[PDB]
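Results of the structural survey
One letter stands for each residue in the lines below.
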Amino acid sequence: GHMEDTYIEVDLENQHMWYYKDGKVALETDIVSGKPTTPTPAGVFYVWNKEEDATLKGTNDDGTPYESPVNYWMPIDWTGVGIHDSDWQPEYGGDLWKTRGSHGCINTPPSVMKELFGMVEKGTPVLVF
Ligand SMILES: *C(=O)[C@@H]([C@@H]1NC(C(=O)O)=C(S[C@@H]2CN[C@H](C(=O)Nc3cccc(C(=O)O)c3)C2)[C@@H]1C)[C@@H](C)O
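Scoring rules and cut-offs
Residues numbered from 1 in each chain as written, not as in the entry; some residues may be left out. Heavy atoms only, no water. Helix = DSSP H or I, 4+ residues; strand = E, 2+ residues; numbered from the N terminus. Buried < 20%, exposed > 50% of the residue type's maximum accessible area, 1.4 Å probe, protein only. Near = heavy atom within 4 Å. Polar contact = N/O pair within 3.5 Å; in protein donor to acceptor, adjacent residues only side chain to side chain. 1 Å grid on protein atoms, 1.4 Å probe; cavity = no way out; pocket = protein on both sides within 12 Å on 5 of 7 lines; lining within 4 Å. Sits in = over half its atoms within 2 Å of the grid points. Nonpolar A, V, L, I, M, F, W, Y, C, P; charged D, E, K, R; others polar. Pairing = 2+ DSSP bridges. Points joined across faces, edges and corners; volume = space filled by probe spheres on them.

- Naming follows the PDB entry, where the protein chain appears as ERFK/YBIS/YCFS/YNHG of Enterococcus faecium.
- The record lists the entry's title as "NMR structure of the catalytic domain from E. faecium L,D- transpeptidase acylated by ertapenem".

This is the structure:
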């Protein structure tokens, strides 16, 4: 269980992302989670911050630091993951995460994770599964 019924939610299996307001969604979007080599965990993560013109930095699973200046970012925790809008990725659908192999988190459409930033609040829960 997480909070009142509001949260970001994803389904990697089904490569689809959501926002949830009212236990129902605010967002419905198609995504791509992280690559098979370094899979996404799915379960319960947390947007304790929603972002605008964020930058997805860090280090690759290889030890190769990176950046991805994102329009909208939810730096979620304890899992490494992070849901975000992805203007750089033109695909979302059936399993891209394996073929396109994008890092470890969920690559959400630029149009939706904005909405998100607009509905989710610092403290909203994040899910992928
Ligand atoms: C979505 O993919 C999201 C982030 N991508 C990555 C990623 O690893 O590329 C993660 S996991 C996160 C990345 N930064 C940490 C990490 O792996 N550090 C690391 C890894 C290997 C070696 C070193 C080192 O030598 O210091 C460090 C964990 C995350 C889902 C957004 C932000 O792009």
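Quick notes on unusual backbone geometry
- A positive phi is found at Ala42, a non-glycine position, where the angle reads about 60°.
- By the element assignment, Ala42 lies in the loop between β3 (24-30) and β4 (45-47).
- Accessibility expressed as a relative area gives 29% for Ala42, which makes it partly exposed.
- The residue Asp53 is not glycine, and still its phi comes out positive at about 55°.

Some details on the site of the ligand
- Around the ligand, 13 residues are found, and the nearest of them are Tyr66, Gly80, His103, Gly104 and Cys105.
- In the environment of the ligand, an oxygen atom lies 3.0 Å from a nitrogen or oxygen atom belonging to the backbone of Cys105.
- Assessed atom by atom at 2 Å from the grid points, the ligand resides in the largest pocket.
- For the shell around the ligand, a count of residues per class yields five nonpolar, six polar and two charged.

Details of the pairing of β3
- In the sheet, strand β2 (residues 16-21) pairs with β3 via six bridges, with the strands oriented antiparallel. Opposite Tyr19, over in β3, you have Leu27 as the bridge partner.
- Between β2 and β3, which pair antiparallel one after the other, the connecting turn spans two residues, and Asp22 there sits at a positive phi close to 70°.

Topic: the layout of surface pockets
- Here the largest pocket defines a volume of roughly 330 Å³.
- Around the largest pocket, the lining comprises 24 residues; the ones closest to its centre are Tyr66, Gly80, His103, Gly104 and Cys105.
- Per-class residue counts for the lining of the largest pocket are nine nonpolar, 13 polar and two charged.

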